[PDB]
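Lettering follows sequence order; numbering is per chain, from 1. All ligand and atom numbering here is 1-based and tracks the order in the structure.
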Amino acid sequence: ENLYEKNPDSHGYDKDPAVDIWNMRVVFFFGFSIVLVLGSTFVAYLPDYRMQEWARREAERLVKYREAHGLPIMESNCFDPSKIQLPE
Amino acid sequence: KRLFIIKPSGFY
Amino acid sequence: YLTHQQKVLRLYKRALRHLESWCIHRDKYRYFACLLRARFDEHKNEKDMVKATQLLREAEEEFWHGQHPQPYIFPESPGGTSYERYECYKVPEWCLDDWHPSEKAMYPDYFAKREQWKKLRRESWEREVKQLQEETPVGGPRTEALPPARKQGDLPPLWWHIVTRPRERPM
Amino acid sequence: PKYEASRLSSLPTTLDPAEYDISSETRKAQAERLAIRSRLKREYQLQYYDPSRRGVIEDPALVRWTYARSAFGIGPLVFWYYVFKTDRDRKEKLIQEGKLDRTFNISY
Amino acid sequence: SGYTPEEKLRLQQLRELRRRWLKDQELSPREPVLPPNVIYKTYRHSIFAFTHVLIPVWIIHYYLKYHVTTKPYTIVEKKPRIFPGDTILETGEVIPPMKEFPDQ
Amino acid sequence: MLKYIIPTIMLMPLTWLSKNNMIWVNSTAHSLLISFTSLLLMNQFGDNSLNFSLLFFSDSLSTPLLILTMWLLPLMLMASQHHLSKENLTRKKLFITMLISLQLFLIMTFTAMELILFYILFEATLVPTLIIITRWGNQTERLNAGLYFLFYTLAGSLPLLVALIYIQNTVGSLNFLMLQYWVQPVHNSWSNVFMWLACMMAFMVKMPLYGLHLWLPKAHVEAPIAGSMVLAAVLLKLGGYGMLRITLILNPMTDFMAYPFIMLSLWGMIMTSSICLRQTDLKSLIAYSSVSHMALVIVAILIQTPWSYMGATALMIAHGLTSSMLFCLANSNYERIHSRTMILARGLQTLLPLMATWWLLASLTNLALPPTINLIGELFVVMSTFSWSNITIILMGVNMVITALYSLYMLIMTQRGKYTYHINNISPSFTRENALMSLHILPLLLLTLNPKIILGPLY
Amino acid sequence: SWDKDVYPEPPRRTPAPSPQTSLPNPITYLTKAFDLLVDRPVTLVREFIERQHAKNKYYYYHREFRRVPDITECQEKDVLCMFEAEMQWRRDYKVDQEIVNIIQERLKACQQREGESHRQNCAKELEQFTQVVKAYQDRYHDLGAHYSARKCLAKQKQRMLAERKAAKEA
Amino acid sequence: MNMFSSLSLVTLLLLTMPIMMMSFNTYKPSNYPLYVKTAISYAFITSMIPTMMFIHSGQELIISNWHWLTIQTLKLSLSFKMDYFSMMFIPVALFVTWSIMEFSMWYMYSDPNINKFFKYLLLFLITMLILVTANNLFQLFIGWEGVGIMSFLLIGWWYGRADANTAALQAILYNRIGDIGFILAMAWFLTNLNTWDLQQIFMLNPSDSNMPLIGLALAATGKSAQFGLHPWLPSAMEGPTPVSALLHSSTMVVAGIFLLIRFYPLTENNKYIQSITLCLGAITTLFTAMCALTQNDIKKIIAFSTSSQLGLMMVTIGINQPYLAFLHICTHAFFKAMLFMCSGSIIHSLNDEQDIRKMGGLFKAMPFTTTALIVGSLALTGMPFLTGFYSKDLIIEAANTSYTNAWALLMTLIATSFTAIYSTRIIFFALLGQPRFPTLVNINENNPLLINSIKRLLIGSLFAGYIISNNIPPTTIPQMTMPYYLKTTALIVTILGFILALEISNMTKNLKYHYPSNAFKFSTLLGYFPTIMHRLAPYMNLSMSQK
Amino acid sequence: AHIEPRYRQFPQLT
Ligand SMILES: CCCCCCCCCCCCO[C@@H]1O[C@H](CO)[C@@H](O[C@H]2O[C@H](CO)[C@@H](O)[C@H](O)[C@H]2O)[C@H](O)[C@H]1O
Ligand SMILES: CCCCCCCCCCCCO[C@@H]1O[C@H](CO)[C@@H](O[C@H]2O[C@H](CO)[C@@H](O)[C@H](O)[C@H]2O)[C@H](O)[C@H]1O
Ligand SMILES: CCCCCCCCCCCCO[C@@H]1O[C@H](CO)[C@@H](O[C@H]2O[C@H](CO)[C@@H](O)[C@H](O)[C@H]2O)[C@H](O)[C@H]1O
């Protein structure tokens, strides 16, 4: 069978032309106008996803502070050896 | 002479 | 499959075309084309078909040795540079059926003439099927040849896809 | 000069001796083959040219082919295991002896 | 070695139809039925320069001047070459000459 | 997660209470709204995950998988309705109800805190899946061929259940947040070897691992289009998602227990790509294509480095959208010619010009053309496995060559060359089909602009 | 715009134009054509926008994270204290990734800026990049995809044991 | 820097505008090809303003405008390196593309998909400018694979022809083998360094650079079709003639050479990689030149001419003269693109005949095509002071006086002589003699699109080398002191090639019966590399798959 | 066509 024989304007959704035109509109409005257009906008303006932009501001703060005080920009030890009690 | 060019339906 | 008479003529044609590929220049080619023709003429009136077959076999061995690595090929022949270049432009006629009515509204004279052909195809099909069945021996065809229309008003059986085949330069 | 056919280089039909020594049993087989091809051609053409047929001319020969088709081993695995296992053992040893250069390597 | 009498007749009958079919691919005079000097070259070029050069550079300059260059190290120049005898614009400094070359 | 569970359940009353001719309109519209609200899950943090309650949580791993799961329901409904149009009304609603219930189990599976809760749902997804594949499948052949059900349950589901039950006794909990702080190293021990295999074999079969993969091509050849979409896009990622989680508690035994599975994946990555060159069935070709791509994900998970986990997450999402689109493209041809043979209909670009553009885009993402997230994921796994061992670049590179070969071979065979003469029922592409393809590819390409939201928690 | 100390750049020295040809310099003329057709209309548009911005003045802040006890002070299997120390370690790990990024950006900016003299004139940038990369590698390299404060501490103590042992050997 | 950078990006942005307008923005499909040509022409003008500023004071920039992604300690940004190589290559490529697009406005006139053809050429150009301006390896990879796909889509333009689909897929196969080397470099640079940026790579300047540089040499081997991964470039003649003109000049094939030029700060200090690329180039330059001697298809000859000149470029890389390798890319694009446009002019007149044995007697029949072909041929063969002489002549002088592989040098000089032989072969068989083409004469080169497009490249093939070589700044110390017999070596072997080719061509006229030779069949059949490799390698792989 | 094709003859030039 061919949906185009009965309805040369068929969108391929339904045999009834009225339902076939409603089913197109919803797929196109909620699929492209809402999810893909507003979803892309929403994602494009996410408030600092996973804190990456805060980390850069914090790193600038620390680099500025550590260079103005002669401290190393970064130390090998992540934890203070004073609070570590080695075995043996 | 201008001839007809058989093509697939471009409307859809 | 072929006769002896056909194998020689196919080797004469193929020999000439490769000789033309070697010579390039028309005067040089015309000189050796008559030398080659003379070689065939030397054995035109042989009667011992055992000798005649051995002559052909040695000729084909000679051809394969003297064959040209890059013979000239007509651009549109199989293996040529234009072979099948326009296949991407050949659209079968049945695709016009699926056109939207607004697309068919642009060519009202063409599509009116196209229903005349489709009508002709319908009214002819039953007669074509009979003619093949009545003329066809028991056990099916022995060959691929097809007959002509026998009466006035009939169309030769199985003609649509030959007649309505895409033009060789569709676009 | 004699031609030597290979798997990827067939013997030319004009040099094949079988193509000149045809008897009447060979000619009868050639007719039997043209009859089959002709019967199949007619069967296809009566469907191909039918004005009212819209669809696909189902081909049993194509079905039989894809049916049969759709219906070394560990060795390379053992080989690759020793290639990688050996490499990563040599690399692991060098890192513990500080002999491997990773001066700027901080992505992994 | 030529056509058999039936082969010629079938060929002739298919010639009539094939030639008639090709004649029918010709378009009617009305078909397709469609639904409803320096200045010119300058205007076409002038309007092209405006839409495809001036507007793009307005957007690009705005983007670079106010959004890119205001972030560090986004546009990094190679420092200009200073040759002896130059005058530095920023400071007014004067680069000395080179030693006197030996004769050559 | 109740703001997604409850509306998903409400798709069942909606489907059964709609007018007879509105079932497709109603369910597609509302399932697209649920997909819209799923973007609120991207409220992720650099340090902590989004821990909703004692049962469910979301982090950067599950969040993209949840969004993909919720996106796929409307797409499956659009893809299914043409061939189910001759089905009677009560059976259309049951078919839709199976899809809704499958989404309900999937969103709960991806967010469960407790690994036993994950196990029950991870298995409950098979009940709707087998029903869809068998009840609406092509032939009388059994997808659960008996051998496969036995092998999987004996060597997969059951050992995983006992291992999880054993772990909770020893640790006192299977909550994943607790397992992050109370994890203890796994020492060498014949008993521990069996705990390792028990914790992993179930997910290896579902991925599938090379050598345990023969079930997947068989399932695709039998499934309806919706079945193939969910199976390729999500259900394989259940095994990948499970491994990414459970490997937390398997160290350092994974240091050596992973070698056979890396070897199977690295070699099977090339063997399955080569098989794709001699496939006569589109659905089989795409199925073997998935085995090749999922071989990278197994390798990435098993070498467990930050780059391989980022690459694994990107690969799972990119493959989900690409393999799903490839199955939809193949299905559209099938709905005209009624055959899965790839050689039957050729030169289709002549007859369906726009659909040939969808084919090209689907093939370019499949062969990992930069900068598509298909490549971003694949490149990251290649970068990480080079560190694991430089020799791997040879196998990774060769697979890249072969992948380009069968991707364009599939495009060339079906779209280019001369068209088949006797196939005269190729009707123009429907708006439904064109929209179905564009809803696969547009989000896939848009993610190239913001890849970070698909890179997982390691980002 | 940014902080000059964090992203330093040396003073710019551009030599004065010293033409020695009667031909007009087409670049200087194109510069005026640019400064008139492009810069000024662009500046007018921006100044109007910045006028609207000045009317509406609101502020955003850089989040400050008070310090909490590290993993070294947490009791074994005490998730409440391990949780806060674990989150703090992840925040520091993310910050350290961006400290290394700042130092790399200095190194790359230096190389381009110095042109053909970069090998000599970017030795300070290269040395700083070397030490920071070394310190970052010491902290976080080889932890695995399932890294944590606990595994970072185990790596450190192993390194501290090797340092302590080689002291005796000395 | 405000004007330099703004005009640097508008050139890239401008080329993409016809692509964006394809979404039916005032779309005028009446003359989309004209719209595309105009955008290229205006893109050429705007690109020449940054070039003048660089010529003036050597000004150069990096524009890292958009931060795309950060992977822990690897920040990825959209960064454009607008330096020496970008400054000079972009105007040349835009100038050449402008002529090829105007030529295509006539050559492809009857193609129903004319608009789609021009869109593909524009994308094919865009992905090349992404490649050249790229400042990090990832963005370089986007362009690197970008040209590869457009090569596939344009080589396989006539997609009903199985030979076209086979050549399109062959280009992809050989190029993705080279891309194994590209990812190997990316993997090595990320691991051993911590960057894909060229700046941090050069700043760290590793000495243990064998592995990343073997990866780049392999990547250049496939993309620029050096020996081993070379058969695809001749096969690429299946595409329309305008495609071959772009492919063989201002886009794909030079990307492999361009990549190695980018990394000259590394190849400088690696005598091992210099020795590999010298020998790799030397066999390529000779082997492909030898193949061109016996070819009869006019497009095949020019296609092998490219492989032979790309081989010479690879030699220049291997004698540590990267800036002469670049100068040859620029000059070669002029006369090589013209030769393809002259072949297409002949092919079109003779109704799609590409076999020189069916040409002849065209010297007067096509006067302007003849003039351009002779100028193009002389420029290719290093006639003094034409565009090709300013690069080829210095390259042979620099190769002669270097501490070099002796065998590579001899193979490079013989390939120079062969260049004069197959160039003569085209002139003799296409233009001289009596006509050998069919009897219905449709020779007509009177079209302004054809005349103007070829004329602009003809002017470039005369003065482009002189103008460029007088404006670029010195980056090396050219070695100008040397014996007479080394100074004049390039001219001498070129002249003996011309003399040695006249005798061979004239003997074709004697009424003597040839005799095939082992050397002749070896050259005609391309050394049998396609016949063996393209049958055996697919057989082993495809038969391996089923079982 | 401002240039007429010829048969077996040298083409018309401008
Ligand atoms: C926030 C939630 C948003 C959910 C949005 C869902 C949108 C779905 C829209 C589908 C609307 C279809 O609604 C149904 O369809 C038919 C056409 O077949 C329409 O038309 C029919 O009903 C109306 C009302 O009697 C009459 O014109 C007539 O009976 C008939 O034409 C009506 O609209 C309705 O009977
Ligand atoms: C793509 C379309 C998407 C549409 C939805 C998103 C758009 C929403 C835009 C609303 C933005 C409002 O942002 C808001 O601006 C006003 C400006 O006075 C600020 O208001 C506040 O700022 C300062 C002091 O704090 C004062 O000027 C003001 O009296 C005070 O109320 C808010 O602190 C800020 O949060
Ligand atoms: C990054 C942001 C960029 C912002 C760009 C904003 C858009 C500005 C462009 C508006 C006008 C575009 O106009 C678009 O291009 C040219 C303009 O002459 C038109 O093309 C026109 O000129 C060309 C030659 O010059 C002719 O071949 C063509 O027949 C004619 O129609 C296109 O048919 C039209 O679609």
Decide whether an N or O pair under 3.5 Å exists between H:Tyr35 and ligand 3. yes
When you measure from the side chain of H:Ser41 to the backbone of H:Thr38, do you find a donor-acceptor pair of N or O atoms at a distance under 3.5 Å? yes
Would you confirm whether the ring centroid of A:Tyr13 sits within less than 6.0 angstrom of the ring centroid of F:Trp24? no
Determine whether any protein heavy atom is located less than 4.0 Å from atom 12 (C) of ligand 1. yes
If we ignore angles and hydrogens, is there a donor and acceptor under 3.5 Å between the side chains of H:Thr46 and H:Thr11? yes
Regarding A:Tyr49 and F:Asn450, is there a side-chain donor-to-acceptor distance under 3.5 Å anywhere? no
Do side-chain atoms of H:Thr16 reach the backbone of H:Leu13 as a donor and acceptor pair under 3.5 angstrom? yes
Is the side chain of H:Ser453 donor-acceptor paired with the backbone N or O of H:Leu450 at a distance under 3.5 Å, no angle test? yes
Looking only at non-hydrogen atoms, the one of A:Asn23, A:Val26, F:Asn21, F:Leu32 nearest atom 8 (C) of ligand 1 is A:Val26
Backbone N/O of H:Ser77 and side chain of H:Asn136: donor-acceptor pair under 3.5 Å: yes
With a 4.0 Å heavy-atom cut-off (strictly under), which part of H:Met20 contacts ligand 3: side chain, backbone, both or neither? neither
A student checking ligand 2 against G:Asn56 at a 4.0 Å heavy-atom cut-off should list atoms 17 (C), 18 (O), 27 (O)
Nearest-contact summary for atom 6 (C) of ligand 1 - protein heavy atom, Å: F:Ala29 CB, 4.1 Å
Which protein heavy atom lies closest to atom 3 (C) of ligand 1, and at what distance to 0.1 Å? F:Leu33 CD1, 4.2 Å
In the protein, what heavy atom is nearest to atom 1 (C) of ligand 2, and what distance, to one decimal place, separates them? A:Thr41 CG2, 4.2 Å
Using a 4.0 Å cut-off to any heavy atom of H:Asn31, which atoms of ligand 3 qualify? 26 (C), 27 (O), 28 (C), 29 (O)
Could you check whether the rings of E:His45 and H:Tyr42 sit parallel, tilted or perpendicular, using 30° and 60° as the cut-offs? tilted
Can any side-chain N or O of A:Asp20 pair as donor or acceptor with the backbone N or O of A:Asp14 at less than 3.5 Å? yes
Taking only heavy atoms of F:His30, which atoms of ligand 1 are found under 4.0 Å from at least one of them? 2 (C), 4 (C)
For F:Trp16 and F:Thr97, test the side chains for any donor-to-acceptor distance below 3.5 angstrom and give the result as yes or no. yes
Is a salt bridge present between G:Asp39 and E:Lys65, judged by a nitrogen-to-oxygen distance below 4.0 Å? yes
H:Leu34 heavy atoms, cut-off 4.0 Å: which ligand 3 atoms fall inside? 27 (O)
Strictly inside 4.0 angstrom of atom 22 (O) of ligand 2, do you find any protein heavy atom? yes
Any idea which protein heavy atom is nearest atom 33 (O) of ligand 1, and the distance to it? A:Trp22 NE1, 4.1 Å
With a cutoff of 4.0 Å, is F:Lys19 in contact with ligand 1, counting heavy atoms of the residue only? no
Between H:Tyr32 and ligand 3, does any nitrogen or oxygen pair lie at a separation below 3.5 Å? no
Ignoring hydrogens, tell whether any protein atom lies closer than 4.0 Å to atom 17 (C) of ligand 2; use the non-hydrogen atoms only. yes
In terms of residue, atom name and distance, what is the protein heavy atom nearest to atom 26 (C) of ligand 2? G:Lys57 O, 4.1 Å
Sub-3.5 Å donor-acceptor pair from the side chain of H:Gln139 to the main-chain atoms of H:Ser79, do we have one? yes
Top protein contact for atom 5 (C) of ligand 1, by heavy-atom distance: A:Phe30 CZ, 3.9 Å
Please identify which atoms of ligand 3 are closer than 4.0 Å to at least one heavy atom of H:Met17. 5 (C)
Can you confirm whether or not the ring centre of E:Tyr62 sits under 6.0 Å from the ring centre of E:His67? yes
Would a 4.0 Å cut-off, counted as strictly less than, catch a protein heavy atom around atom 31 (O) of ligand 2? no
Could you check whether any side-chain N or O of F:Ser35 sits under 3.5 Å from a backbone N or O of F:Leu32, counting only pairs where one atom can act as donor and the other as acceptor? no
Return a yes/no value for G:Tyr58: is any of its N or O atoms, backbone included, closer than 3.5 angstrom to an N or O of ligand 2? no
Mind checking whether E:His45 contacts ligand 3 via backbone (N, CA, C, O), side chain (CB onward), both or neither, at a 4.0 Å heavy-atom cut-off? neither
Does ligand 1 have any atom that is closer than 4.0 Å to a heavy atom of F:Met22? yes
